[PDB]
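>>> pasting the sequence and an experimental structure:
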Amino acid sequence: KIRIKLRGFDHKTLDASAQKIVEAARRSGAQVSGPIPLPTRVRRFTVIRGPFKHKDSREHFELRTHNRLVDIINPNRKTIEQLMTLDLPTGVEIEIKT
Amino acid sequence: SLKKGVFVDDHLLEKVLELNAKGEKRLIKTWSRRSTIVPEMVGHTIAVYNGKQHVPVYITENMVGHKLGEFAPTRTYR
Amino acid sequence: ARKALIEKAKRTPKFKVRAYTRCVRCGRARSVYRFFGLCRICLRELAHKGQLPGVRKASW
Amino acid sequence: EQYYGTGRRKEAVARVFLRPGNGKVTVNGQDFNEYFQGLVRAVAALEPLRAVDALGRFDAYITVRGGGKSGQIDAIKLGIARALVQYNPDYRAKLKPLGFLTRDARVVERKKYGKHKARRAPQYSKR
Amino acid sequence: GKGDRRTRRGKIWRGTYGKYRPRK
Amino acid sequence: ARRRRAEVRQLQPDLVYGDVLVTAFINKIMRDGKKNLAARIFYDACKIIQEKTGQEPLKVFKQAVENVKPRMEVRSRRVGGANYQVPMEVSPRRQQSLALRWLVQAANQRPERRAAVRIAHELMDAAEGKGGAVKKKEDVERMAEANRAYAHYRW
Amino acid sequence: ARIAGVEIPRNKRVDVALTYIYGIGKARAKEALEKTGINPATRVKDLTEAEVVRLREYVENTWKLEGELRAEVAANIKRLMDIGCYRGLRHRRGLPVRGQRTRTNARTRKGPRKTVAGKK
RNA sequence: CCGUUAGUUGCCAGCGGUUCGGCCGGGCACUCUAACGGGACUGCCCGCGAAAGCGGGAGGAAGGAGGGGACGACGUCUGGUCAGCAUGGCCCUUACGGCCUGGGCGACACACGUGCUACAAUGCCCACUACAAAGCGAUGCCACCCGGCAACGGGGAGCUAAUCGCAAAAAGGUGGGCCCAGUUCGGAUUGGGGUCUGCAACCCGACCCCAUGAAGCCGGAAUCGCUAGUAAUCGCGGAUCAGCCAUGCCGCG
């Protein structure tokens, strides 16, 4: 039972990047428990638009950490093939656990 | 307001304790108005800076526990 | 002064109380968002360029 | 044996489960009148029944979670209604007239900058 | 109410806890 | 209201007598959106109408209101010079608005310490037709008559 | 009935009534009523001479009060004048003492509003 | 609003074991979480119209811009900002640069703006009583123990946090108290004892507990906001940040 966390600012290249990680584990391992979407940690910034004294009117900036999760029940190396380096994630991260 | 020391300045004490072997000087001028007036080292007169000058403050028993700044007021006509 | 100052804010000083922030570009004291070492202006600036990643136009 | 409709109203969601026969109503492992204890309006949540005639003749087991009480009262009011249309496509033409069937979109409008409060604006002094 | 340190309400408003509103 | 006529906002029937007029009156009792506390009051007050008279509350209620509706009132008006209190017929929707508003105001003018009582005794004093609400209502009606001389300006 | 100093609380509950003493608040009176075992709800109107002395005794003794308290305050302040600390000349001047603003407010410590002229 | 994909957050929904806490096997139904789609078009009916469209009716979560944002034409105000930054000119270059310690920006006879807390019984106090809705936390949140009336101090488990913590939601509901009083309203001011952060709290920090309890009984002439989940009212979080003068602001419900 290999279980993996994936963070990302980019909601597209996760459901993308870490869901090829479901082909290369059903095609090369056995049973998968599909992609699970963890709720998001949304850091927000509120910024006064002008250099000087314009306290009403500012603009809203968010920085949104998306969180996806993957479970597979197959600690063999018929899997750990693609699933070590066979890349398409460029602004992503990995948590590796069992 | 603390209870683990009386956060009084080294540079001042050093100068009082070392005056405490026959020492009766007025010429004593500090800048640490932040330092607590400490149990019994009284008799003397300390010139406390108010930001513009030091002030001849005589120090008595009834007035321990208080800081030095309390006796050297910093602003004018009040 | 703002130089002898941009400089002084870099020396780890006697007592950490004296440790302040400073917009790392727009070399500046106030409204320094800690997650970016960035002054609210020199900040709205880079954000607009996309030179701070994931950072975006919020709207709800 | 079992019947379901989901009600929502403003952060609050209702799990409604209708069962045939009776009259009693659980909400969150608690009697109705124990959950909505002397809150004048609660008697409203079951008004969908009163309108069909199943005034009593149904049991109800209920989960209810989300923000706050008076919403939940309405949340249920939808569940109950939705649940019993899925025990009768013929339960349309009487429930829709009083429309216990419309979700009701009205949420907290959002706090805006420069205002104090979404619409309430700061205090002008002119002179 | 909200102005009185020594009320429940006082404490809430003020953020604090103490004798007049404990932490259970 | 520059564009439209605005729909008479439609109210949710009384969950206890089944009357829109009642909710209306409950809302006028309400302060800072404490609708719960408000209805307690109206009902506790219907309690105090049995406990004191033989007849049905909904009936005292309907009636008290009826007596407090003004039929004419003065509306102010621009003319070449200063202003004119111009008497004119008071529209049904407003009659209602004013009645309820006045009942609640008059109620909280009374001396008794607990709200449901004040509401009740005022409701009672009204159907008998002698509350301070029916007072500040004959004041209007009378004042529209005082000014009967200017009733040739009504728009 | 005269408990402390020169004090006759009356006809209201004793917790409330004890209050009417200078140096007794809602707290010190909650206390006395337990350390002497008097139901605090009891009306002064109705309570044992027994109780009234158990009270007299506890209160007049446990803590400084109502007049000779007042005297200690008067004399704590005239001593804050000492050689003359800050808070001293400040009491001297009749201005705030727990370091608050004076530009606006400070009305409690200053006699209503001595208005002047100026401007153009 | 509905669907598809997806099962450490959802449950007897269904059944079994439950030390009766979804806790345990077990399942994703449902709730949710988050990605993707569908859905509304004056498309349908009646009436008016030359047409656009208007008024009404159907069905539908939603109907005629369904609700809230982001988004600000050509230009105007020789508007704002040289103290964010960039910059032409101009000016000081043992000083108009620099360093430090202390004071100041916190002064107070006055005057205005914006707010807070009130003036109370539709109220105040004390008790008991999950209705959760955004966000933050490994030089942190700190459960839970013990000492202390408490601030807080010991200890001390868990969480790189849908898992652990901040966290009590408050208004509410139930019970009891106060009985119209400058009060069990209101908490200013002052005396005192302490806690914490910090080299350091006099000028100039917040917090706890004892005392003290001020003006205020709803405000002249004026004058501000808001058209619906709005106003009013009740709490909750965050940014800066050692601590904090936040009642401010940006956000949640």
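Done, it's in. Numbering: from 1, shown residues only, chains lettered A, B, ... in the order given.
>>> around chain G, which positions in chain B sit nearby?
Contact residues of chain B with respect to chain G, defined by Cβ under 8 Å from any Cβ of the partner chain, are listed as B:57, B:58, B:60, B:62, B:63, B:66, B:69, B:70, B:71, B:73, B:78. C-beta: built from backbone N, CA, C; applies to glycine.
>>> next, the fourth one: phi, psi?
Dihedral angles of residue B:62 (phi, psi; degrees, to the nearest 10) stand at phi -60, psi -20.
>>> hang on, it packs against residue G:79?
Yes. Using Cβ atoms under 8 Å, residue B:62 and residue G:79 qualify as a contacting pair, with a distance of 6.7 Å.
>>> returning to that earlier point: just the buried members of the residues of chain B next to chain G?
Restricting the residues of chain B next to chain G to buried positions leaves B:57, B:63, B:66, B:69, B:70, B:71, B:73, with burial counted as 16 or more other Cβ atoms under 10 Å in any protein chain shown.
>>> of all those residues, which two lie farthest apart?
Among these, the pair separated by the greatest distance (Cβ to Cβ) is B:63 and B:73, at 14.9 Å.
>>> before we move on, back to that, dump the residues of chain B next to chain G to a markdown table, plus distance to chain F and secondary structure.
As requested, the residues of chain B next to chain G are arranged in a markdown table below (distance: Cβ to the nearest Cβ, whole Å; DSSP: H, G, I helix; E, B strand; the rest coil):
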| residue | distance to chain F | secondary structure |
| --- | --- | --- |
| B:57 | 57 | strand |
| B:58 | 61 | strand |
| B:60 | 59 | coil |
| B:62 | 55 | helix |
| B:63 | 54 | helix |
| B:66 | 50 | coil |
| B:69 | 49 | helix |
| B:70 | 48 | helix |
| B:71 | 53 | helix |
| B:73 | 49 | coil |
| B:78 | 45 | coil |
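>>> out of those residues, the closest to chain D would be?
Minimum separation from chain D among the residues of chain B next to chain G (Cβ to the nearest Cβ) is found for residue B:78, which lies at 32.2 Å.
>>> which residues does that closest one contact?
Residues near residue B:78 by Cβ atoms under 8 Å, 6 or more residues apart in numbering or on different chains: G:89, G:93, G:95.
>>> got the contact list for the closest residue to residue C:42 other than its chain neighbours?
Distance criterion Cβ to Cβ, 6 or more residues apart in numbering or on different chains; nearest residue to residue C:42, sequence neighbours excluded, is residue C:26 at 2.9 Å. Going by Cβ under 8 Å, 6+ apart, residue C:26 touches C:39, C:41, C:42, C:43, C:45.
>>> redo the buried ones among the residues of chain B next to chain G as a markdown table? Include distance to chain C.
Formatted as a markdown table, the entries for those read as follows, by distance: Cβ to the nearest Cβ, whole Å:
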| residue | distance to chain C |
| --- | --- |
| B:57 | 28 |
| B:63 | 29 |
| B:66 | 24 |
| B:69 | 19 |
| B:70 | 23 |
| B:71 | 26 |
| B:73 | 26 |
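>>> distance of the residue nearest to residue C:42 relative to residue C:11?
Separation of residue C:26 from residue C:11 (Cβ to Cβ, to the nearest Å) stands at 21 Å.
>>> next one: residue F:31
Applying Cβ to Cβ, one obtains 60 Å for the distance of residue F:31 from residue C:11.
>>> again, but for residue A:2
Looking at residue A:2 against residue C:11, where the rule is Cβ to Cβ, the gap reads 49 Å.
>>> so which of these two has more stuff around it?
Using other Cβ atoms under 10 Å in any protein chain shown, the more surrounded residue of residue A:2 and residue C:11 is residue A:2, with 18 against 9.
>>> go ahead and confirm the more buried one touches residue A:74.
Yes. Checked against Cβ under 8 Å, the pair residue A:2 and residue A:74 is within contact range at 6.9 Å.
>>> count the neighbours of residue F:44 for me.
As a burial measure, residue F:44 scores 15 neighbours (other Cβ under 10 Å).
>>> isn't it right next to residue F:51, touching?
No. When contacts are counted by Cβ under 8 Å, residue F:44 is not listed as touching residue F:51 (10.3 Å).
>>> next up, the contacts around whatever residue of chain F ends up closest to chain B.
The nearest approach of chain F to chain B comes at residue F:32, 41.9 Å away (Cβ to the nearest Cβ). For residue F:32, no contacting residues are found, by Cβ under 8 Å, 6+ apart.
>>> how near is it to chain G?
According to Cβ to the nearest Cβ, to the nearest Å, residue F:32 stands 29 Å off from chain G.
>>> check which helix or strand covers the residue in chain A sticking out farthest from the centre.
For chain A, the largest distance from the centre (Cα atoms, centre = their mean) belongs to residue A:53, which lies 39.9 Å off. Using DSSP states H and E, residue A:53 maps to neither a helix nor a strand.
>>> closest to residue A:93 among the residues of chain B next to chain G?
Once Cβ to Cβ is applied, the member of the residues of chain B next to chain G that ends up nearest residue A:93 is residue B:69, at 54.5 Å.
>>> for the closest residue to chain F within chain B, the count of nearby residues, please.
Closest residue of chain B to chain F, Cβ to the nearest Cβ: residue B:1 (41.9 Å). Counted with other Cβ under 10 Å, the neighbours of residue B:1 add up to 5.
>>> for it, give its distance to residue B:65.
If you measure residue B:1 against residue B:65 using Cβ to Cβ, the figure is 10 Å.
>>> and what of residue D:121?
Taking Cβ to Cβ as the measure, residue D:121 and residue B:65 are separated by 53 Å.
>>> how about residue F:11?
Distance, residue F:11 to residue B:65, using Cβ to Cβ: 69 Å.
>>> mind checking which of the two has more residues around it?
residue F:11 (14 against 10).
>>> quick check, that one in contact with residue F:20.
Yes. Proximity of residue F:11 to residue F:20 meets the contact threshold set by Cβ under 8 Å, at 4.8 Å.
>>> ok, residue 6 - contacts?
Reading this off chain A. Taking Cβ under 8 Å, 6+ apart, we find residue A:6 in contact with A:14, A:17, A:18, A:67, A:68, A:69, A:70, A:92, A:93, A:94, A:95.
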